[PDB]
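Single chain ahead, written as structure tokens, the form deposited in one PDB entry.
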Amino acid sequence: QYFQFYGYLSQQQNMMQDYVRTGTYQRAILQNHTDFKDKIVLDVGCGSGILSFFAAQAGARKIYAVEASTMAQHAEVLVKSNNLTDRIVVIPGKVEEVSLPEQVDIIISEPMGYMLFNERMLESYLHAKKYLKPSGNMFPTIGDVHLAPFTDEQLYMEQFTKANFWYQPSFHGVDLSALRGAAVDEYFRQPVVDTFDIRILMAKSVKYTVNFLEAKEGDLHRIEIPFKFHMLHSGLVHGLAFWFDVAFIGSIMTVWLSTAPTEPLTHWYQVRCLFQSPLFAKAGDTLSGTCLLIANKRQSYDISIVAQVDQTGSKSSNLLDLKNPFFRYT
């Protein structure tokens, strides 16, 4: 199912024609061309091969382009039609299972999902470091997850209205209300994928940094993000908002790709995790807690968010089912 989806040219097209994504990667690579010139490159999950082409433009001597879907066949076609057979070598397969003939100077990939970690492709990216030379680099080099409390009564009421379907004592004569609790729980486990006005954010964001040069694959099985927010506005906190930046830390310059709500909307949007019960906080209070992401079998995460207003002891404990997001953007 997963690699079947990526076998479609339409999905590769959709990612490629996203200019912030494609254009930022090309700038990161070309403006750091000394990190590529005459070097050996591994492209993890190359799709059409676009990043491998950028590495070749920047003067890479040899690029191993690993792709697990049938899109590998299409990448091979483009390498031949662009006369790059001596420079880009497609290796069909999962990066965990293929054989490479030598170690590489730099690994490149676009492994980011919703909230950075969704899809769990960063595990494959970090796995690939078995091929990285000791002096070696990775593009992207780091990822910063940002979280901030938000207020959005409308979104809270939207989701509660849907759940309240299961409150009905006589839906076509049938009592559904035994499932009231189960339904509220399920709906509030859905992360909400869309954008929002920055004025709904009630505190400055807290940053959690993953350094891909240092992180191990296994580390992403359990991700613990501590936070302490200094509330800038009084009101109800309906949940936490999440976004991410990645940096390409090259030898010439650092280039950033941001999905922040202060930046042009991207196809990652932003993600919000709702509280079943909103918390009241006053400006000046502190909202503290821990976001715990636990990896599961569906290439996703079970998220635990516990947040408390320190001054009052008002606490919210919450689950998020990242397998089952609500795509709200209209």
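Note that the rigid core is defined as the largest set of C-alphas that superpose within 1.5 Å between two forms. For every residue, the number given is its place in the sequence shown, counted from 1. Residues that one form lacks are left out of the comparison.
From this point on, the text means the form deposited in another entry, which you will not see here.
Asker: Give the option from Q73, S251, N211, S170 whose C-alpha shifts by 2 Å or more between the shown form and the other one; the alignment is on the rigid core.
Answerer: The one that moves 2 Å or more is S170.
Asker: Under a superposition restricted to the rigid core, does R180 display a Cα displacement of 2 angstroms or more between the shown form and the other one?
Answerer: Where the cores coincide, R180 still shows a C-alpha shift between the shown form and the other one that is 2 Å or more.
Asker: Suppose the core is superposed; which segments, at least 3 residues long, show C-alpha displacements of 2 Å or more throughout between the shown form and the other one?
Answerer: Run with every C-alpha shifted by at least 2 Å: 163-184, nothing else.
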